[PDB]
Amino acid sequence: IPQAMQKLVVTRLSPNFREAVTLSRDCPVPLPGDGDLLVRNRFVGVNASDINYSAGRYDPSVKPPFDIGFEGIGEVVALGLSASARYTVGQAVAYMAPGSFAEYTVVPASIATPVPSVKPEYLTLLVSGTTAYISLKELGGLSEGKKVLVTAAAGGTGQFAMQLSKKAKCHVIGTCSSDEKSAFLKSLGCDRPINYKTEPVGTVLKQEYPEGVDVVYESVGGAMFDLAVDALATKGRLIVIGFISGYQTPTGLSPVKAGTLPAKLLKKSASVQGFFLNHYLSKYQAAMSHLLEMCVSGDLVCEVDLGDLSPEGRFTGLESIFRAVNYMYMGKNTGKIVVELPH
Ligand SMILES: NC(=O)c1ccc[n+]([C@@H]2O[C@H](COP(=O)([O-])OP(=O)(O)OC[C@H]3O[C@@H](n4cnc5c(N)ncnc54)[C@H](OP(=O)(O)O)[C@@H]3O)[C@@H](O)[C@H]2O)c1
Ligand SMILES: C[C@@H](C(=O)O)c1cccc(Oc2ccccc2)c1
Ligand SMILES: C[C@@H](C(=O)O)c1cccc(Oc2ccccc2)c1
């Protein structure tokens, strides 16, 4: 329980993470209320939308300064009396809540997830795993022999959309930007990995899947979204999970050729369905429970990229978050990008 700590703070609204966010060095350690845990963060998750958050896009009325980081895993170092009925000092806990980019974060006990130990694999589940699980269960209409296309398939959430679709006996196609990532996809049971830098995705889908794909787990936006719509089967479902190709722009939007979208959907009786995890929190506990079971049992690969093969090596310390965000946006990661705060 130190007097002071470091944390990241959004000091200016911008999708340029380095220009928006400051490493603040002499911050008091916040104290937990009656219903709160104080978590010493050991690993924190880097998420594409960290730059949407720094840009102010979740609530454009809220001015800087504000905390940042959506998820953490670590040890309970202090807690309020009511919280102590369910949690104990020293316990491993994980959470999805704002302000994880800090050495210590106050988290309401009611939203914390107990975990068996502090491993970065368990953090991969909190946002990336639950997003894939809930969207596909609630909106995917998966069943044996459906064809599922997953974009950013070798990324944090993509790896789960791939594996969970396979567990539903689907035939799965996955896009990624390298042969190393394609090999990773194959190792997860991907039926058709596509390196979109060396193989034209539109041609692959037209030639190999002429009747189309039944479900798209679409994270990329832009030209990839356009191709995905064209590739939809009759009654197919494209799920808008995100559009990372656009987040760095002033609006966060990626250009699409969507003027003909209503016509295309009518012609195919097909759909475009958005998904925002925070609209489905009633499903979160059950998703996390099943994901954790599969993770511990070794029935789910939870790939972690701690940056050990990045230019400057392992993502250690809050200062490495800047590098880690850049790494994501250079498309370099395989699995979930995680930063370690060692102690
Ligand atoms: N709807 C929700 O509630 C929700 C929740 C969590 C995440 N998401 C979304 O899921 C997506 C993935 O997020 P993540 O945090 O798991 O990241 P991630 O997939 O681990 O990393 C992003 C990957 O996207 C590709 N990429 C990066 N920059 C790109 C660009 N400029 N243009 C095109 N492709 C680019 C790269 O893979 P390739 O090798 O394939 O290029 C990169 O590895 C994002 O759209 C995010 O907003 C949505
Ligand atoms: C119980 C069964 C089932 O509900 O089909 C199952 C087994 C293994 C992983 C699952 O997780 C998911 C979750 C979403 C989509 C596909 C599979 C779901
Ligand atoms: C009970 C659990 C724990 O203490 O975290 C455990 C015990 C032994 C080996 C494990 O191996 C792993 C490690 C990472 C993810 C899944 C399984 C995980």
# chains A, B, ... in the order shown; residues from 1 in each chain; ligands from 1
>>> residues_near_ligand(ligand="ligand 2", cutoff="8 Å", atoms="only C-alpha atoms and all ligand atoms", output="PDB file with C-alpha atoms, in the first residue's frame")
ATOM      1  CA  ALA A 132     -17.090 -13.277 -29.233  1.00  0.00           C
ATOM      2  CA  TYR A 133     -19.093 -15.605 -26.992  1.00  0.00           C
ATOM      3  CA  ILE A 134     -22.119 -13.382 -26.439  1.00  0.00           C
ATOM      4  CA  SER A 135     -22.388 -11.929 -29.959  1.00  0.00           C
ATOM      5  CA  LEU A 136     -22.187 -15.360 -31.597  1.00  0.00           C
ATOM      6  CA  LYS A 137     -24.541 -17.046 -29.106  1.00  0.00           C
ATOM      7  CA  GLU A 138     -27.140 -14.275 -29.127  1.00  0.00           C
ATOM      8  CA  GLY A 140     -25.046 -15.732 -34.805  1.00  0.00           C
ATOM      9  CA  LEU A 142     -24.834 -20.969 -35.361  1.00  0.00           C
ATOM     10  CA  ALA A 161     -14.797 -16.094 -32.585  1.00  0.00           C
ATOM     11  CA  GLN A 163     -12.635 -21.353 -31.869  1.00  0.00           C
ATOM     12  CA  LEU A 164     -16.182 -20.912 -30.544  1.00  0.00           C
ATOM     13  CA  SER A 165     -17.552 -21.219 -34.110  1.00  0.00           C
ATOM     14  CA  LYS A 166     -15.603 -24.484 -34.518  1.00  0.00           C
ATOM     15  CA  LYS A 167     -17.067 -25.763 -31.241  1.00  0.00           C
ATOM     16  CA  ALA A 168     -20.495 -25.095 -32.819  1.00  0.00           C
ATOM     17  CA  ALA A 287     -20.240 -16.216 -20.721  1.00  0.00           C
ATOM     18  CA  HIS A 290     -18.050 -20.942 -19.485  1.00  0.00           C
ATOM     19  CA  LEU A 291     -15.011 -19.228 -20.995  1.00  0.00           C
ATOM     20  CA  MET A 294     -12.751 -23.976 -21.074  1.00  0.00           C
TER      21      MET A 294
END
>>> residues_around(residues="residue A:22", least_positions_apart="5", cutoff="9 Å", atoms="only C-alpha atoms", output="PyMOL selection string")
chain A and resi 7-12
>>> closest_atom_pairs(of="chain A", to="ligand 1", cutoff="8 Å", atoms="only C-alpha atoms and all ligand atoms", output="CSV")
residue,atom,partner,partner_atom_place_in_ligand_line,distance
A:46,CA,ligand 1,15 (O),6.6
A:47,CA,ligand 1,15 (O),3.7
A:48,CA,ligand 1,15 (O),4.0
A:49,CA,ligand 1,47 (O),5.2
A:127,CA,ligand 1,6 (C),5.8
A:128,CA,ligand 1,6 (C),5.5
A:131,CA,ligand 1,5 (C),5.3
A:151,CA,ligand 1,40 (O),6.3
A:152,CA,ligand 1,40 (O),3.6
A:153,CA,ligand 1,40 (O),6.0
A:154,CA,ligand 1,40 (O),6.2
A:155,CA,ligand 1,19 (O),3.5
A:156,CA,ligand 1,16 (O),3.7
A:157,CA,ligand 1,16 (O),4.3
A:158,CA,ligand 1,19 (O),6.0
A:175,CA,ligand 1,40 (O),5.7
A:176,CA,ligand 1,40 (O),3.4
A:177,CA,ligand 1,39 (O),3.6
A:178,CA,ligand 1,39 (O),6.3
A:181,CA,ligand 1,39 (O),6.9
A:195,CA,ligand 1,39 (O),7.9
A:196,CA,ligand 1,40 (O),7.9
A:218,CA,ligand 1,45 (O),7.7
A:219,CA,ligand 1,45 (O),4.0
A:220,CA,ligand 1,34 (N),5.3
A:221,CA,ligand 1,33 (C),7.4
A:222,CA,ligand 1,33 (C),7.9
A:240,CA,ligand 1,1 (N),7.1
A:241,CA,ligand 1,1 (N),4.1
A:242,CA,ligand 1,45 (O),3.4
A:243,CA,ligand 1,45 (O),4.4
A:244,CA,ligand 1,45 (O),4.2
A:245,CA,ligand 1,32 (N),3.6
A:246,CA,ligand 1,31 (N),6.8
A:247,CA,ligand 1,31 (N),7.8
A:248,CA,ligand 1,31 (N),7.7
A:274,CA,ligand 1,1 (N),7.4
A:275,CA,ligand 1,1 (N),4.9
A:276,CA,ligand 1,3 (O),3.8
A:277,CA,ligand 1,3 (O),3.6
A:278,CA,ligand 1,3 (O),6.5
A:328,CA,ligand 1,21 (O),5.0
A:329,CA,ligand 1,28 (N),4.1
A:330,CA,ligand 1,28 (N),5.8
A:331,CA,ligand 1,36 (C),3.8
A:332,CA,ligand 1,43 (O),5.5
A:333,CA,ligand 1,43 (O),4.8
A:334,CA,ligand 1,43 (O),6.5
A:335,CA,ligand 1,20 (O),5.8
A:336,CA,ligand 1,20 (O),5.2
A:337,CA,ligand 1,20 (O),6.2
>>> residues_around(residues="residue A:209", least_positions_apart="3", cutoff="12 Å", atoms="only C-alpha atoms", output="number ranges by chain")
A: 146-149, 171-173, 192, 201-206, 212-214, 228, 230-233
>>> closest_residue(among="A:70, A:87, A:95, A:122", to="ligand 3", atoms="only C-alpha atoms and all ligand atoms")
A:122
>>> residues_around(residues="stretch 116-121 of chain A", least_positions_apart="6", cutoff="12 Å", atoms="only C-alpha atoms", output="JSON, numbers by chain")
{"A": [39, 40, 41, 42, 43, 44, 45, 46, 71, 72, 73, 74, 75, 76, 90, 91, 92, 93, 94, 95, 127, 128, 129, 156, 291, 292, 293, 294, 295, 296, 298, 300, 301, 302, 303, 304, 305, 306, 335, 336, 337, 338, 339, 340, 341, 342]}
>>> write_last_selection(atoms="C-alpha atoms", output="PDB file, in the first residue's frame")
ATOM      1  CA  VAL A  39      -6.788  -4.104  -7.140  1.00  0.00           C
ATOM      2  CA  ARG A  40      -3.049  -4.044  -7.712  1.00  0.00           C
ATOM      3  CA  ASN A  41      -2.927  -4.574 -11.491  1.00  0.00           C
ATOM      4  CA  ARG A  42      -0.479  -7.191 -12.729  1.00  0.00           C
ATOM      5  CA  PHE A  43      -1.698  -7.419 -16.330  1.00  0.00           C
ATOM      6  CA  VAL A  44      -3.839  -4.951 -18.257  1.00  0.00           C
ATOM      7  CA  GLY A  45      -5.521  -5.369 -21.627  1.00  0.00           C
ATOM      8  CA  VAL A  46      -4.859  -3.175 -24.670  1.00  0.00           C
ATOM      9  CA  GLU A  71      -9.664  -4.338 -18.028  1.00  0.00           C
ATOM     10  CA  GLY A  72      -7.193  -5.712 -15.521  1.00  0.00           C
ATOM     11  CA  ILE A  73      -6.203  -8.739 -13.490  1.00  0.00           C
ATOM     12  CA  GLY A  74      -4.281  -8.704 -10.216  1.00  0.00           C
ATOM     13  CA  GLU A  75      -4.456  -9.038  -6.456  1.00  0.00           C
ATOM     14  CA  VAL A  76      -6.895  -7.485  -3.984  1.00  0.00           C
ATOM     15  CA  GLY A  90      -4.551 -11.360  -1.542  1.00  0.00           C
ATOM     16  CA  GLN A  91      -7.242 -12.883  -3.762  1.00  0.00           C
ATOM     17  CA  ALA A  92      -6.779 -13.046  -7.552  1.00  0.00           C
ATOM     18  CA  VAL A  93      -9.485 -11.051  -9.359  1.00  0.00           C
ATOM     19  CA  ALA A  94     -10.124  -9.840 -12.878  1.00  0.00           C
ATOM     20  CA  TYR A  95     -12.441  -7.050 -13.997  1.00  0.00           C
ATOM     21  CA  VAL A 127     -13.500  -8.378 -23.109  1.00  0.00           C
ATOM     22  CA  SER A 128     -12.204 -10.322 -26.115  1.00  0.00           C
ATOM     23  CA  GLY A 129     -13.641 -13.727 -25.127  1.00  0.00           C
ATOM     24  CA  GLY A 156      -7.595 -10.737 -29.442  1.00  0.00           C
ATOM     25  CA  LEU A 291     -15.011 -19.228 -20.995  1.00  0.00           C
ATOM     26  CA  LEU A 292     -13.067 -19.664 -17.742  1.00  0.00           C
ATOM     27  CA  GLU A 293     -14.023 -23.383 -17.555  1.00  0.00           C
ATOM     28  CA  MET A 294     -12.751 -23.976 -21.074  1.00  0.00           C
ATOM     29  CA  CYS A 295      -9.596 -21.914 -20.482  1.00  0.00           C
ATOM     30  CA  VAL A 296      -8.609 -23.779 -17.293  1.00  0.00           C
ATOM     31  CA  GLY A 298      -7.249 -26.473 -21.855  1.00  0.00           C
ATOM     32  CA  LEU A 300      -9.702 -23.093 -25.437  1.00  0.00           C
ATOM     33  CA  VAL A 301      -6.478 -21.517 -26.695  1.00  0.00           C
ATOM     34  CA  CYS A 302      -6.072 -18.106 -25.065  1.00  0.00           C
ATOM     35  CA  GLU A 303      -3.157 -16.650 -26.973  1.00  0.00           C
ATOM     36  CA  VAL A 304      -1.355 -13.745 -25.299  1.00  0.00           C
ATOM     37  CA  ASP A 305       0.965 -11.296 -27.060  1.00  0.00           C
ATOM     38  CA  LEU A 306       3.085  -9.683 -24.333  1.00  0.00           C
ATOM     39  CA  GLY A 335      -3.670 -12.988 -29.943  1.00  0.00           C
ATOM     40  CA  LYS A 336      -4.512 -10.589 -27.185  1.00  0.00           C
ATOM     41  CA  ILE A 337      -2.184  -7.681 -26.501  1.00  0.00           C
ATOM     42  CA  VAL A 338      -1.426  -7.570 -22.767  1.00  0.00           C
ATOM     43  CA  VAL A 339       0.868  -5.320 -20.752  1.00  0.00           C
ATOM     44  CA  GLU A 340       2.587  -6.523 -17.558  1.00  0.00           C
ATOM     45  CA  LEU A 341       3.031  -4.314 -14.493  1.00  0.00           C
ATOM     46  CA  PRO A 342       5.593  -6.460 -12.635  1.00  0.00           C
TER      47      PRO A 342
END
